[PDB]
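Inside the fold
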Amino acid sequence: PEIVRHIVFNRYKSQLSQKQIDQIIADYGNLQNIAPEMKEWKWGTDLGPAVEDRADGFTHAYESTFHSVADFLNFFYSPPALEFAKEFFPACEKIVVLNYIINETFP
Amino acid sequence: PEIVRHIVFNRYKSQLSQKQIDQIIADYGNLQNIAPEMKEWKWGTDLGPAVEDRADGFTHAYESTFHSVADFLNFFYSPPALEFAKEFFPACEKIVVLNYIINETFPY
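Residues numbered from 1 in each chain as written, not as in the entry; some residues may be left out. Chains lettered and ligands numbered in written order. Heavy atoms only, no water.

1. Description of the overall build of chain B
Note the cut-off: The numbering of helices and of strands both runs from the N terminus, where a helix is a DSSP run of H or I of at least 4 residues and a strand a run of E of at least 2. Only protein chains enter the accessibility calculation, which uses a 1.4 Å probe; a residue is then buried when its area is under 20% of its type maximum, exposed when over 50%, and partly exposed in between. Any two residues having at least one pair of non-hydrogen atoms within 4.5 Å are treated as being in contact. Per-residue and other accessible areas were derived by the Shrake-Rupley procedure at a 1.4 Å probe size, with only the shown protein chains allowed to occlude residues.
Across its full length, chain B holds three helices and four strands. In chain B, the order of α-helices and β-strands from amino to carboxyl end is β-α-β-β-α-α-β. In chain B, buried positions account for 45% of the 108 residues. For chain B, the proportion of contacts with a sequence separation of at least 24, taken over those separated by at least 6, is 74%. Within the structure as shown, chain B displays about 5600 Å² of accessible surface, and the carbon and sulfur contribution to it stands at 54%.

Right under this line is the structure:
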């Protein structure tokens with residue numbers, strides 16, 4: 001059990017301004033600058049019913065990557081990871097989050 | 001480039017055999033061969049509530065990559081990915097798909 005991904009989708013609460021949504025993304029970002037375990041941070045916004053209409057109202061998507069299920073646990077119970085979770089989850093109107101061990105292989 | 005990302009979450013109907021679930025995960029990985037646009041395909045099952053409890057009853061996760069959106073649409077309509085679609089979305093009892101372009105942003 002070595003490489004695990006953290007994929008979050010959310011929607012934001014309609015009351016929040018962009019300035020605030022921006023400050024929240026940015027904080028998620030430089031989480032890397034405080035948490036060493038956190039690794040391959042990517043975010044982005046669903047390209048709409050235009051392309052494919054199965055976002056069920058989810059708007060954003062965020063990937064974080066880790067070098068051992070052990071590094072993932074150490075992070076998720078650390079001051080910063082918990083600190084930042086109080087900022088972020090309270091701003092979500094929809095939330096869904098999968099950690100999985102990364103698998104390139106079929107069955 | 002505008003690297004996109006085709007991230008899927010799902011849960012399969014409870015009536016399908018694991019055999020037939022293992023089947024479908026394999027077809028999804030074997031569209032990477034019958035259309036060269038889909039490009040960094042990886043999967044995993046959710047690690048359960050000891051790690052975290054916010055997966056909302058979705059079991060599996062699937063990644064891809066495309067190097068543009070037109071790639072994705074040629075791919076989306078090709079008889080392979082239109083065929084695999086007739087297999088996956090009825091198997092699916094829950095399903096959410098998010099297509100998006102990359103960002104680091106702030107070092108960049």
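2. Points about the UniProt feature "domain: Stress-response A/B barrel" (unreviewed entry) in chain A
Formally: UniProt positions are given in the numbering used here, feature names are shortened, and annotations may be inferred rather than shown by experiment.
The residues that UniProt annotates with the feature "domain: Stress-response A/B barrel" (unreviewed entry) are residues 4–100 of chain A. For residues 4–100 of chain A, helix accounts for 35% and strand for 31%, while the C-alpha atoms at its two ends are 5 Å apart.

3. Overview of the nonpolar core
Put simply, the test is: Working definition of a nonpolar core: buried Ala, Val, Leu, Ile, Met, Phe, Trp, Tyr and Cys residues. They are joined through side-chain atoms within 4.5 Å.
Counting 24 residues, the largest nonpolar core has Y12(B), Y28(B), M38(B), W41(B), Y62(B), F75(B) and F88(B) as its most contacted members. Where this core is concerned, the elements lending two or more residues are β1 (6–12), α1 (18–29), α2 (69–77), α3 (79–91) and β4 (92–99) of chain B. If sequence neighbours within four positions are ignored, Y62(B) has contacts with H6(B), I7(B), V8(B), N10(B), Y12(B), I25(B), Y28(B), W41(B), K42(B), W43(B) and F88(B). Core analysis: the next-biggest nonpolar cluster, separate from the first, contains 23 residues, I24(A), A35(A), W41(A) and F88(A) among them.

4. Observations concerning the sheet that holds strand β3 (residues 60–67) of chain A
Residues and elements named next belong to chain A. The condition that has to hold: Strands were regarded as paired on the criterion that DSSP finds at least two bridges between them. Axes here mean lines fitted to C-alpha atoms, for a helix over just the part in contact, with angles spanning 0 to 180 degrees between N-to-C directions.
Judged by pairing direction, the sheet is antiparallel, and its four strands sit side by side in the order β2-β3-β1-β4 without closing on themselves. Only two strands of the sheet have a single partner each, and these edge strands are β2 (42–45) and β4 (92–101). Between one strand and the next, the sheet's axes are offset by a mean angle of 15°, whatever the strand orientation. As defined by bridge partners, strand β1 (residues 3–12) adjoins β4 across nine bridges and the pair is classed as antiparallel.

5. With respect to the packing of aromatic side chains
Condition: Only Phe, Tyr and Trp rings take part, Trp by its six-membered ring, and two of them pair if their centres are within 6.5 Å. Stacked means planes under 30 degrees apart, edge-to-face means over 60, and tilted covers everything else. Two conditions define a charge sitting above a ring: the NZ of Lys or the CZ of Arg must be within 6 Å of the ring centre, and it must be within 35 degrees of the ring normal.
Summed over the entire model, instances satisfying the criterion amount to 27 aromatic pairs over all chains. Where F66(A) meets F72(A), the ring centres are 4.9 Å apart and the plane angle is 45°; that geometry is what we call tilted. Each member of the pair, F66(A) as well as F72(A), is classed as buried. With a centroid separation of 6.0 Å and 85° between ring planes, the pair formed by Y12(B) and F88(B) is classed as edge-to-face. Of this pair, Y12(B) sits in strand β1 while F88(B) is found in helix α3, placing the two residues 76 residues apart along the sequence. Take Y12(B): its relative accessible area is 6%, and that puts it in the buried class. On the accessibility criterion, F88(B) (4% relative accessible area) is buried. Here the aromatic residues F106(A), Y12(B), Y28(B), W41(B), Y62(B), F84(B), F88(B) and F89(B) are joined through ring pairs into a cluster of three or more. The side chain of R54(A) reaches across the aromatic face of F89(B), ending 3.7 Å from its centre. If you follow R54(B) out to its NZ or CZ, it ends over the ring of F89(A), 3.8 Å from the centre.

6. A look at unusual backbone geometry
In this structure, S68(A) is a non-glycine residue whose phi angle is positive, near 135°. Mapped onto the fold, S68(A) is located in the loop between β3 and α3 (69–76). For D56(B), which is not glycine, the phi dihedral falls at a positive 50°. Relative to the assigned elements, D56(B) resides in the loop between β2 (42–45) and β3 (60–63).

7. Section: helix α4 (residues 79–88) of chain A
Residue and element names in this part refer to chain A. Rules: Working definition: the arc comes from the directions between the helix axis and the C-beta atoms, pointing outward to the latter.
Restricting attention to buried positions, one finds in α4 the residues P80, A81, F84, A85 and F88. Summarising the axial view, the buried residues of α4 lie within an arc of 135°, below the 170-degree limit, and thus occupy one face. Turned more than 90 degrees away from the buried face of α4, the exposed residues are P79, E83 and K86.

8. Some remarks on α3(B)
Residue and element names in this part refer to chain B. The line we're drawing: Expected helix span is taken as 1.5 Å per residue step, with the number of steps being one fewer than the number of residues. For a residue, the bend is simply the angle between two axes, fitted respectively to the seven-residue segment ending there and the seven-residue segment starting there.
Spanning 13 residues, α3 covers 19 Å between terminal C-alpha atoms, matching the ideal 18 Å at 1.5 Å per step. The largest bend in α3 amounts to roughly 30° and is located at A85. Turning to α3, its buried residues are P80, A81, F84, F88 and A91.

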